[PDB]
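> Got a structure for you, written out below as structure tokens; questions coming shortly.
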Amino acid sequence: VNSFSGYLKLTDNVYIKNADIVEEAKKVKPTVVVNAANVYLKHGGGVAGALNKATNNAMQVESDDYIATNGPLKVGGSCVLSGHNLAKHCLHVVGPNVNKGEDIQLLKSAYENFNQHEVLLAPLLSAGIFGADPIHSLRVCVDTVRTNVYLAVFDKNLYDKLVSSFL
Ligand SMILES: O=C(O)COc1ccccc1
């Protein structure tokens with residue numbers, strides 16, 4: 001049993017809800033919240049800007065020190081950092097940004113990072129401001145992630161479309 005409430009069950013392991021991932025993290029304090037990161041961990045907007053704002057910029061301060069030490073992530077890669085006031089840990093995952101020309105085949109690699117964690121609160125990777133088709137992102141999630149994932153969809157309209165179109 002876990003703390004997640006009000007999710008629709010899509011599969012054995014994938015669950016979905018219309019929710020503000022920031023508000024959901026604050027309420028649940030999950031072991032892992034996923035950030036929709038970029039390779040530079042520059043948390044300007046979308047999920048990353050909202051998560052970082054909720055940490056009062058502590059996420060960006062930690063991220064800048066991580067990049068200064070390690071250099072940028074790979075598209076499709078991840079790193080584990082603090083979850084600050086939102087979660088135990090933040091898994092920063094870089095999905096391909098279609099609005100930068102990145103290969104959408106990298107979306108499967110991105111979601112494979114989730115399998116290193118038994119339970120996660122996450123957004124749909126490469127969805128929203130990253131420019132991918134969210135219906136596609138949900139299909140790759142379902143077909144890739146084997147661990148238990150709780151998906152927070154920001155757009156209420158999009159949530160209903162994702163549910164109503166799900167195979
Ligand atoms: O709903 C999400 O989580 C990402 O996709 C969006 C679609 C429309 C507007 C904002 C986000």
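Residue numbers start at 1 in each chain; chains themselves are named A, B, ... in the order of the structure tokens; ligands are numbered from 1 in the order shown.
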List the spatial neighbours of range 135-149 of chain A as a list in words - criterion: any atom at most 6 Å away, only C-alpha atoms, same-chain residues fewer than 2 positions off excluded.
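My list of contacting residues is residues 13, 14, 115, 118, 119, 120 and 133 of chain A.
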> From a backbone DSSP assignment, name each residue in range 1-163 of chain A labelled strand (DSSP E or B), as a PyMOL selection string.
chain A and resi 8-9+14-18+32-36+78-82+89-93+119-122+148-153
> Write out the residues from the selection above, keeping C-alpha atoms, as a compact mmCIF listing (two decimals), in the first residue's frame.

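Saved result, out_16.txt, follows:
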# COMPACT_ATOMS: atom_id res chain seq x y z
CA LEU A 8 -6.96 6.10 -12.35
CA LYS A 9 -5.18 2.73 -12.81
CA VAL A 14 1.02 2.83 -14.26
CA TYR A 15 -1.44 5.25 -12.64
CA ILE A 16 -2.59 8.71 -13.87
CA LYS A 17 -4.27 11.80 -12.28
CA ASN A 18 -5.10 15.43 -13.29
CA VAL A 32 11.09 10.10 -5.80
CA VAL A 33 9.66 13.02 -7.77
CA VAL A 34 10.77 13.14 -11.47
CA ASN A 35 11.78 16.47 -12.97
CA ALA A 36 11.41 17.16 -16.70
CA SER A 78 19.27 11.29 -15.54
CA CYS A 79 20.78 12.12 -12.21
CA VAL A 80 19.50 11.76 -8.65
CA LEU A 81 19.64 14.92 -6.51
CA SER A 82 17.83 16.14 -3.43
CA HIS A 89 14.92 12.55 -3.98
CA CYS A 90 14.46 14.28 -7.35
CA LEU A 91 15.25 12.15 -10.40
CA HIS A 92 16.15 14.71 -13.09
CA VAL A 93 15.36 12.97 -16.41
CA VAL A 119 7.91 4.01 -6.94
CA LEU A 120 7.89 7.48 -8.54
CA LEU A 121 5.71 10.57 -8.96
CA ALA A 122 6.39 11.83 -12.54
CA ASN A 148 5.24 1.79 -10.13
CA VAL A 149 4.70 5.22 -11.63
CA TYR A 150 2.13 7.84 -10.62
CA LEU A 151 1.71 10.30 -13.52
CA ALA A 152 0.58 13.89 -12.82
CA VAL A 153 -0.94 15.39 -16.04
> Using only C-alpha atoms and all ligand atoms, I'd like a table of the residues in chain A that come within 6 Å of ligand 1; for each, show the closest atom pair and its distance in Å rounded to one decimal, ordered by chain and ascending number, as CSV.

residue,atom,partner,partner_atom_place_in_ligand_line,distance
A:127,CA,ligand 1,4 (C),5.0
A:128,CA,ligand 1,5 (O),3.5
A:153,CA,ligand 1,3 (O),3.8
A:154,CA,ligand 1,3 (O),3.7
A:155,CA,ligand 1,1 (O),3.6
A:158,CA,ligand 1,1 (O),5.6
> Keeping C-alpha atoms, export the residues of the selection given above as an mmCIF file, in the first residue's frame.

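So the final result, stored in selection_27.cif, reads:
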data_model
loop_
_atom_site.group_PDB
_atom_site.id
_atom_site.type_symbol
_atom_site.label_atom_id
_atom_site.label_comp_id
_atom_site.auth_asym_id
_atom_site.auth_seq_id
_atom_site.Cartn_x
_atom_site.Cartn_y
_atom_site.Cartn_z
ATOM 1 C CA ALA A 127 5.323 16.422 -23.070
ATOM 2 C CA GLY A 128 4.123 20.050 -22.720
ATOM 3 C CA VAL A 153 -0.938 15.388 -16.041
ATOM 4 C CA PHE A 154 -1.015 19.262 -15.811
ATOM 5 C CA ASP A 155 -3.622 19.923 -18.542
ATOM 6 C CA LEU A 158 -5.209 16.640 -21.844
#
> CA of residue 97 in chain A and CA of residue 132 in chain A are how many Å apart?
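About the pair CA of residue 97 in chain A and CA of residue 132 in chain A: they are 7.3 Å apart.
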> In Å, rounded to a single decimal, give me how far CA of residue 67 in chain A is from CA of residue 116 in chain A.
21.6 Å
> Have a look at CA of residue 113 in chain A and CA of residue 76 in chain A and let me know their distance in Å, one decimal.
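Going from CA of residue 113 in chain A over to CA of residue 76 in chain A covers 8.3 Å.
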> Find the residues around residue 28 in chain A up to 12 Å (only C-alpha atoms counted), leave out those fewer than 2 positions away in its own chain, and share them as a list in words.
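Selected residues are residues 2, 3, 4, 5, 21, 22, 23, 24, 25, 26, 30, 31, 32, 33, 85, 86, 87, 88, 120, 121 and 150 of chain A.
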> Taking only chain A into account, list the residues labelled alpha helix (DSSP H) by DSSP (computed from the backbone), as a PyMOL selection string.
chain A and resi 21-28+46-54+58-70+106-112+134-144+156-164
> Create the file for the chosen residues now, containing C-alpha atoms and written as a compact mmCIF listing (two decimals), in the first residue's frame.

# COMPACT_ATOMS: atom_id res chain seq x y z
CA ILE A 21 2.92 17.79 -9.70
CA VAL A 22 4.17 20.49 -7.28
CA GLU A 23 0.96 20.31 -5.17
CA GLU A 24 1.01 16.50 -5.38
CA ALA A 25 4.66 16.30 -4.22
CA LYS A 26 3.95 18.69 -1.32
CA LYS A 27 1.01 16.49 -0.16
CA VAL A 28 2.57 12.98 -0.69
CA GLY A 46 7.27 23.77 -17.46
CA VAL A 47 7.67 21.13 -14.70
CA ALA A 48 11.34 22.14 -13.93
CA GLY A 49 10.55 25.84 -13.49
CA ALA A 50 7.55 25.00 -11.23
CA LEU A 51 9.44 22.41 -9.12
CA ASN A 52 12.42 24.75 -8.75
CA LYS A 53 10.17 27.72 -7.74
CA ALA A 54 8.54 25.51 -5.09
CA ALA A 58 17.41 25.57 -3.83
CA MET A 59 16.98 22.97 -6.64
CA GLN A 60 18.77 25.36 -9.10
CA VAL A 61 21.59 26.10 -6.58
CA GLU A 62 22.19 22.34 -6.09
CA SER A 63 21.92 21.73 -9.86
CA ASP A 64 24.49 24.42 -10.71
CA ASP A 65 27.00 22.79 -8.36
CA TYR A 66 26.21 19.35 -9.93
CA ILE A 67 26.87 20.70 -13.48
CA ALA A 68 30.03 22.57 -12.39
CA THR A 69 31.40 19.20 -11.08
CA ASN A 70 30.05 16.70 -13.66
CA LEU A 106 15.46 8.82 -27.09
CA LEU A 107 12.16 8.99 -25.19
CA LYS A 108 12.32 5.22 -24.44
CA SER A 109 15.88 5.62 -23.03
CA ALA A 110 14.63 8.53 -20.89
CA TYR A 111 11.81 6.42 -19.35
CA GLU A 112 14.25 3.50 -18.71
CA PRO A 134 1.70 13.40 -24.89
CA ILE A 135 -0.38 10.41 -26.15
CA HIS A 136 2.87 8.98 -27.50
CA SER A 137 4.74 9.77 -24.27
CA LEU A 138 2.10 7.85 -22.26
CA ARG A 139 2.36 4.84 -24.63
CA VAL A 140 6.20 4.75 -24.31
CA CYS A 141 5.83 5.11 -20.48
CA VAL A 142 3.45 2.13 -20.31
CA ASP A 143 5.61 0.02 -22.61
CA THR A 144 8.95 0.92 -20.89
CA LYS A 156 -7.18 18.82 -17.33
CA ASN A 157 -8.31 18.74 -21.03
CA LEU A 158 -5.21 16.64 -21.84
CA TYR A 159 -5.83 14.31 -18.88
CA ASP A 160 -9.33 13.50 -20.22
CA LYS A 161 -7.94 12.95 -23.75
CA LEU A 162 -5.14 10.66 -22.45
CA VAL A 163 -7.69 8.54 -20.50
CA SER A 164 -10.31 8.45 -23.29
> Which residue out of A:73, A:10, A:94, A:39 has the minimum interatomic distance to residue 114 in chain A when only C-alpha atoms are used?
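The answer is A:94, which sits nearest to residue 114 in chain A.
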> From the list A:123, A:75, A:167, A:41, which residue is nearest residue 101 in chain A when using only C-alpha atoms?
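Checking each of A:123, A:75, A:167, A:41 against residue 101 in chain A, counting only C-alpha atoms, the winner is A:75.
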